[PDB]
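Protein chains in written order, with full-length UniProt numbering: chain A, 20 to 241; chain B, 76 to 287; chain C, 34 to 266; chain D, 34 to 266; chain E, 2 to 205; chain F, 30 to 255; chain G, 1 to 195; chain H, 1 to 195; chain I, 20 to 215. Some notes on the structure that comes next.
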Amino acid sequence: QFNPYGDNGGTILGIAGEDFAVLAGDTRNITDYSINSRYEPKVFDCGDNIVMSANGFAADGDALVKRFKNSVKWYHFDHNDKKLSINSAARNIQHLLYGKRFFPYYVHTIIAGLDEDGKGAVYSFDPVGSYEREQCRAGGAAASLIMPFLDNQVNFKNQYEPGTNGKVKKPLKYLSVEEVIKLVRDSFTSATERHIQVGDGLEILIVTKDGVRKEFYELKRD
Amino acid sequence: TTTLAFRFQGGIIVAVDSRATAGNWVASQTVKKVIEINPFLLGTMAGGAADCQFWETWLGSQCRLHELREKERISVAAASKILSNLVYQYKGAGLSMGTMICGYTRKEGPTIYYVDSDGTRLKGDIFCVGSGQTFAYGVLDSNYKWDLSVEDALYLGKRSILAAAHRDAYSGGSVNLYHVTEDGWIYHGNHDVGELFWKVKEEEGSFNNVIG
Amino acid sequence: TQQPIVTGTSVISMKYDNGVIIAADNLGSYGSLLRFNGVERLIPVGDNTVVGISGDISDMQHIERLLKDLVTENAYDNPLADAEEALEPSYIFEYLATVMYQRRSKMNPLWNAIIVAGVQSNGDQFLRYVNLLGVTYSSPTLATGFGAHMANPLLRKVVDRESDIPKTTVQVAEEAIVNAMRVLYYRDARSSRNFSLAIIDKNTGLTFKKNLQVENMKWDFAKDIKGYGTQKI
Amino acid sequence: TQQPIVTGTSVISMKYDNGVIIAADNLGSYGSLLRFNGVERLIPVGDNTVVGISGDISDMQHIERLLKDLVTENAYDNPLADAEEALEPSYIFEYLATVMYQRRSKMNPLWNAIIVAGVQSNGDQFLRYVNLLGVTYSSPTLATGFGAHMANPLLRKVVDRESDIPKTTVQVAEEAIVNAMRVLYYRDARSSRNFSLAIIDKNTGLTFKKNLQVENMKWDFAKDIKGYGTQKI
Amino acid sequence: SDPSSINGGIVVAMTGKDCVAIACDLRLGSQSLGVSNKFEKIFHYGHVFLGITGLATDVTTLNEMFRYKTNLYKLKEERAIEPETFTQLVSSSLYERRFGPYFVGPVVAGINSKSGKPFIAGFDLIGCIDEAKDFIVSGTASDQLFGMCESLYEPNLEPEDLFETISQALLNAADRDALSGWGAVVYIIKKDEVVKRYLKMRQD
Amino acid sequence: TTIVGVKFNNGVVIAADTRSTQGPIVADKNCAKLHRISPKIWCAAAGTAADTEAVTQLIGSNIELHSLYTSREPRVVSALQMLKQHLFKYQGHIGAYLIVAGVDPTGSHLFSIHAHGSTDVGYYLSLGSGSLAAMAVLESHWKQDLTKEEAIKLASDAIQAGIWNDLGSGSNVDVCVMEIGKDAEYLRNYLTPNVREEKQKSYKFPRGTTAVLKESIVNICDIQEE
Amino acid sequence: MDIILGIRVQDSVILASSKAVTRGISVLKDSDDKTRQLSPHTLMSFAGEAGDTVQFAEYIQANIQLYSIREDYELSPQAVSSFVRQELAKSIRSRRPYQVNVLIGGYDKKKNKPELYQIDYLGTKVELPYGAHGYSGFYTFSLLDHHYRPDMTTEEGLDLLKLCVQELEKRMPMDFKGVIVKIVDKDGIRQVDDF
Amino acid sequence: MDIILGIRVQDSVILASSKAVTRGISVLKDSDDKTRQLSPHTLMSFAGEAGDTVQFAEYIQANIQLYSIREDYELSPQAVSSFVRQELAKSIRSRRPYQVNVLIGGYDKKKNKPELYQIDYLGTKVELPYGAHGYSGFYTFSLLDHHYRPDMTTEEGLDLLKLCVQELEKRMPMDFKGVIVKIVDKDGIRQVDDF
Amino acid sequence: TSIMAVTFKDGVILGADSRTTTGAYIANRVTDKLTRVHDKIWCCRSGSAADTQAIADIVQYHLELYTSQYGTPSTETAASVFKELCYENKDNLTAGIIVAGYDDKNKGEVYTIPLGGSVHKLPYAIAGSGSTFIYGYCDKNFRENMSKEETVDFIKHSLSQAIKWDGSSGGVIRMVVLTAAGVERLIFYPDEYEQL
Ligand SMILES: *C[C@@](C)(O)[C@](*)(O)[C@H](Cc1ccccc1)NC(=O)[C@H](Cc1ccc(OC)cc1)NC(=O)[C@H](C)NC(=O)CN1CCOCC1
Ligand SMILES: *C[C@@](C)(O)[C@](*)(O)[C@H](Cc1ccccc1)NC(=O)[C@H](Cc1ccc(OC)cc1)NC(=O)[C@H](C)NC(=O)CN1CCOCC1
Ligand SMILES: *C[C@@](C)(O)[C@](*)(O)[C@H](Cc1ccccc1)NC(=O)[C@H](Cc1ccc(OC)cc1)NC(=O)[C@H](C)NC(=O)CN1CCOCC1
Ligand SMILES: [Mg+2]
Ligand SMILES: [Mg+2]
Ligand SMILES: [Mg+2]
Ligand SMILES: [Mg+2]
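What follows is the structure, given as structure tokens:
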């Protein structure tokens, strides 16, 4: 029997700061126990200060991104070059995914950018289009390894103020872009150590009011 | 998920949890499972996350179109029936939805309709819906009376979701609470179970099953 | 949904400093029967692109005709068809990737794995893969089937990363490709000795070599191997 | 439980006035492959019995050895082993029927259909069938496999009931058997031209004919048949 | 149906400087129903600690089995079994049920009383030993524990630091798993004192 | 797993990677897949981890007892014969795939054995998920009349192909060299090409960060005197 | 055999066990006692597959009564519950397992404490302040999490059980035909006759 | 939707329909009216698959009410029951059939007779003195074979129904939460409020 | 696999390809499928590698014990011992074995034992997946009482074609010659046999 789905591995990670957001993904692409590529980008500048990744089955991921990019293009044509806000992108992506509710896009989608007050925004989707805004999300193969670390280190979960018995939580702070990139780099090194489908390279897209910047780092190639 | 809605002397209480699951993986602890359709109408979500968000958001659009065309707020009966007739068209395709449509109109009074994806539509005074419904029912039915104060009814709704959050592996996160009156719905806060459990344990002298 | 009947095995390929090399053997298998011994699975498109195809041969012949018709159609009302508006490797690839994914999405795949090798207008090397699922990827080395498991490890010892491509000559790359084809003949039960090889260079253009053979094979050590364990004679 | 691998097709047989005839072709098929062309499936036991066997050949060879050992064992401490206490067709049959049914009852059948043809001490003709299920029956004509469908109708035109047996000579019966074997060669895809035939007569004893061939075949009308319908040339 | 995730639970162990730590959650359920909030998964035989995750009937059975075997060991040898030896005994015992296995993820922790060397080991359900210098994880949130441990861990932590590190690894892994949590216990083990601490954690 | 065996002038060399996996997760980053059967008979293991450990320990135990009984140094063909008969009896259910090598009074030997009980002889062999990546290297670079140094190089290169190109294999390279007339040398972590880079940050928490409900001293000692 | 409950209070253990016996479309009986006295201060309730339940309960009863005669001594509830657990754990790997879940309510005369053990058919044992087998626990555990206090009297325990039975009678689809209630305390085992 | 009963006496038809609505492990409602007035002298009760039941009943109701307005006239119970049957017979060969069983109780004003029709989801129609759908009929048909006489009064019919409901409450495994009873006679349809 | 055994004037010759497959992967390209069960009794193996080894090892053991007690076993005896194992364990084995031997009395003999465990004495035999492609060729080109050089050529040409058409056959062609002179092992590499 023909199986229309495959699993191309990889992992992705979105974190929001006060006036920026990052979307990171490894650059490895796999099927079964083979490496297809050590550098196949997975995180894309979509226009209007929005970055997007759709991790899982890469063919579905590429189709989805391609359709959203096209959605942005037609949003400009039909609404007088108006900027597509991140909340509006999110809702549009829900309709793209839910359109294929009974033959789903086999991906976990994350978008990142700035909301309409200039604050960092991360939106996160399931394969059929349910979504939520968060400070914080990992998706893909190593999501189960990475998310709990992010719960601990971004939202300070289970951390209390020392000497308060256990009755005052560690207070929530926004993190600087330098502190976020550290958590991203450590998150991916940890995932590379323990997950066979994660490795090769890390590409981070950072979004500020000034635009989209890229950073790249080597990861272990085994 | 655990969601509940009940009718009492002072209106309707609506309480839901905030957990999303992907099997035994906890996908989220912060999901919104209530939709504010209009200032007098609420929808609760249980089942497929996408199914619930998509179709209840769609329901809001159809309710808005009703008031443009008819120059009048949609009835709870009519709103619940738009959703129930919709899911009935999809019956057998695999939609997963358990919802309560809660609201007030002059003609109806405070009203709750249960609507699910097999097409069942029921008017009633008390419903708990989701994987944790039985846990909520146990606490809710034991302490329910028609004539609770607004303060006691809010607490019972909150306490019932907490009960489910504790015992049901697939419920938790926080409790989102609403009160619906003559004048519309009122939000009564998000209550993280991380703090709410221990507070309730100490003040109430309950949860003696736990090492505290 | 179908099942592949007459099939072609690996297609292997790599980038080098000035271009790309691609190769595939000349066999059309019919299950375990080595049925057809003169099948060309490298198909040139213009003088800047070679499409290497593995998997179902009937679907390969369909793709061959799609490409031939694409050239015909690009020439229509196009006075620059042999110049600035000639078909590029990237145009040919995107067309095939579009088709493959549409066909998988209708549950009626073209049962193939495809590598499009070539050189763009600006001299850039092009090397990209697509298969029956519409999955696409690019890398300094690419191979289908058994080639992915045995050729890639060998070809990656030569070009392990993007920075190794300018350091790699056409002589070194062709030798690695020719060696990889021998290893596949040793080890793949649905391979053949006879193969075709194509080089698309930014200076010298398209060179297409037919009727190559795997040569310089080590079999001599076989005479010393006796039994499966304890048997001495 | 198994499945038969190397197989023999029909065994056909009938009674006539003074005895019994039995025949079977010399083929061991391996699915559709006509693998072995000199297989004897008629096995004499003494000078009064022939056991004809169809179905699995490995199980046939096992039965062959059971019968050979039965003769050896009947000779033990038996000064009348070549006379009044010689093995009878009925003794050989009951032994085989016992075994077949025991084996089916343990869910490990001998995958065969067997006809035991012979002549008893008192001159009575013996002809009885047994198969992998332990089902047994007797009739003036008996055949296994395709033989049951095509040979029996022909052989029953000669001996349709018990009262027809004294009216039937060895010449008439052999001719009917030889004709039936030709019809099976025409029509059974797992048959062969070469066969063996055995006659057990109450007067002349056991005659065993090897290397018979189907002869006098009508193929000539084939040259006039063209196409499947409307095709004239 | 899948016996390794009917009841839920997790165990993690870590080495520090002249110390080891081993921790577990307290939940026992039947799929979605939480039944008990006091089901400990860590046992000791003299100074050797054993954590067991998986099917709870097999957790109990194996504890009783290793209590039996180590009691007899001690009577015959006239000394307490050491962690390296007990690790081999766990492996032997699991592998003798190769084709009808105990549905468990055992974890050994302790300090060799002669050499002073900290020791941890993990196993699969049929006895393959994973002897690690850094950490061992087991249970329904093992993916989550691997992620926490791989990022949070650093070598040569002091007992009171190691306690914070292992507790944060456990707590945060448990919170992303439906079938783990409901309480937790952390044993900090030095050569001749062992402190046991119950953690305050979210009760959902 | 990637395991290899390479014959050379005066002996045989075997090598292995050091990764074990549980699904797509790496359970152990530094396992020992080179199992000693006897002092000069070693084998590299692939397949079900517990099965390979149990099968080599059992056959090693019985080889030791046989060596004592006969007053002879054990032969590789005896290890092979016992392994094949054991594995065949279990009809593939004991999932051990082994490269069996060594030196004995008869000379130097190199065999492979599969889970169902089939054995092979060779000058160079590979098993496991990375066997194709390894065999590509062996088929390209092997020659007859190899020196010890050339064979270690070839074997570790073949493992490296597995480490880099096969997702089933990673971390380090282990080697064991068995030369005629000499002690077998086991080279644990012969190559270490995958050391984890320095982390960006320390995650050491402030003492008191974790909320505690109760403490107590655990009694580990025996029952006390007086 | 559907609903069996147990709650342990200050000085007693209360077991409540439904009376219905149902095969297919018919309620065959409405007065079934799903319980056996194992010893004078130990009671076992049980639910599970038809036939298996009584056979298992009576087998355990025979063995504890035998132990009692041999030693002229009553095993502690902890000891009885461990014995039962081992029998179920042995059973689960047999050719045909006992598909029986049990609660064991006992008063330990040596410690002067009531004890309640919940054991499933796999041999999964837990000591609990309150317990239930089958679907009942989906309603009752949350109820008791709210209303239970550890220092309750026997009569407070019975009211707390009325609250449980009322909820099950309201929300469960099956008519389980009420419950038989039994109290285990320092003076032995007695049946509450009106419920 | 489990139990629906109907009995036809001298001058009326009585329909009794259970109040429980149950999904899985929970009774969601205990006051459900499993009935729709089709016309002033015709009542249809229904049971079957969740969703399908109400959708079918309301669809039939819409159509009969439409016929009423168009002709200013009430269809006979025989005519309504034939229409319903045809809809179910058409449905059974569709992509997704209505899985709904019904009883139709009507008073024919032209003949001055009560009439009761039993129709299953296949379009199988029968006129009967008494009828039931689902498992209820396994108890009630034999009960009524014994106790029913054709010339009974409406109040005798209600006692005969009490006897049916008592038996179902005794012997059925499910708690169906009592019945809503309605009488169809020459003066229309009314609900008996205390049962 | 492609295997054959051919009787000729001075004795019998066994031939085989050298390919072992694991699906489409070639696990061993220089396999030795001709195995000695006695000094002048050899067999060709096809089917499961594990099954045919286990069988051949048992037969070697049985014949060594036969030799100790009763002297040199006949080729028929060796075939009988293979058959007993193959027939009685037919549910659990996938073994197609050709047995070939040389006596001074009986000269060269060939017995084939296919899947079911039947035995068939033949002048020559072919077996394995690749044999299907040469039934026509072998039937047309085999004669009795060929010379050694003729028989070597017949086998070389036959297995050449089996190898050409069957993907599950390949590598070298090995042969074992069994005469009164002794035991001669031959090998033929692709560069000789392909160009035929
Ligand atoms: C108790 C719980 C957690 O299940 C409660 O019902 C949640 C309600 C809810 C409402 C709004 C937003 C988020 C959550 N539901 C979930 O968490 C659901 C549970 C569920 C999973 C799958 C199905 O399948 C028919 C039904 C219910 N979780 C999800 O929907 C998760 C996040 N997504 C998926 O499982 C993705 N799959 C993809 C394939 O199509 C089905 C949905
Ligand atoms: C590359 C790899 C990882 O496959 C190589 O073969 C490893 C060899 C090895 C040898 C000695 C010690 C350690 C590692 N093998 C493993 O790491 C195996 C891989 C494997 C998993 C599952 C199956 O299933 C048939 C076969 C091989 N890993 C394990 O054996 C791990 C530790 N245990 C399990 O996955 C649980 N087992 C799986 C088999 O069924 C019993 C439960
Ligand atoms: C044509 C060919 C090459 O297949 C020929 O018959 C080979 C004969 C041979 C090989 C080596 C030594 C001696 C003789 N046979 C093989 O190469 C076999 C093919 C085969 C595999 C499995 C079965 O199972 C019924 C029949 C034939 N190869 C093997 O046996 C290899 C070593 N093992 C496996 O492939 C593992 N098998 C896979 C199927 O399940 C059992 C384990
Ligand atoms: Mg990695
Ligand atoms: Mg949890
Ligand atoms: Mg919970
Ligand atoms: Mg070939």
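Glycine included, every Cβ here is placed at the ideal spot set by N, Cα and C.
Need the endpoints of the beta strand (DSSP E) that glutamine 164(B) sits in, please. Unbroken run through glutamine 164(B) is the alpha helix (DSSP H), 151-164; no beta strand (DSSP E).
Can you tell me whether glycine 213(B) sits near ligand 6, meaning its C-beta is under 6 Å from at least one heavy atom of the ligand? no
Using a Cβ cut-off of 7 Å (strictly closer), state whether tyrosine 58(A) contacts chain F. no
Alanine 16(G) bridges to which residues according to DSSP? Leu5(G), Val181(G)
Please report the Cβ distance between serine 249(B) and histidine 266(B), rounded to the nearest whole angstrom; I am assuming they are in contact, meaning their Cβ atoms lie under 8 Å. 6 Å
Are three or more beta carbon pairs between the region 180-195 of chain F and the region 190-198 of chain E nearer than 8 Å? Not touching, per the Cβ criterion.
Can you pull out the residues from the region 162-188 of chain B whose beta carbon lies closer than 7 Å to at least one beta carbon of chain H? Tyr163, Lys166, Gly167
Check the Cβ-Cβ distances between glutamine 208(B) and every residue of chain H, and say whether any is below 7 Å. yes
I need the DSSP call for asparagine 160(I), collapsed to helix, strand or coil. helix
Work out the CA separation of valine 25(I) and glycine 120(I) for me, nearest whole Å. 10 Å
Buried or exposed by the 16-neighbour rule on C-beta atoms within 10 Å, applied to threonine 174(B): That one is buried.
N-terminal and C-terminal residue of the alpha helix (DSSP H) that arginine 189(C) is part of: 179-191
Establish whether the CB of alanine 50(H) and some CB of chain B are separated by less than 7 Å. yes
Taking a Cβ distance cut-off of 7 Å, strictly less, list which residues of the region 159-173 of chain G are near chain B, in chain order. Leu163, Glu167, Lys170, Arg171
Below-7 Å beta-carbon distance, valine 150(F) vs any chain C residue: yes
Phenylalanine 202(B) touches chain H at which residues, Cβ-Cβ below 8 Å? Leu28
Compare the beta carbon distance of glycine 213(B) and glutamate 167(G) with 7 Å and say whether it is the shorter of the two. Cβ atoms of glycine 213(B) and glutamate 167(G): closer than 7 Å.
Are the beta-carbon atoms of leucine 42(A) and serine 72(A) separated by less than 7 Å? yes
For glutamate 102(F), decide whether its Cβ has a neighbour in chain C, counting only Cβ atoms nearer than 7 Å. no
Cβ separation of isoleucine 192(F) and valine 42(F), assumed to be a contact under 8 Å, to the nearest whole Å: So it is not a contact: roughly 17 Å between Cβ atoms.
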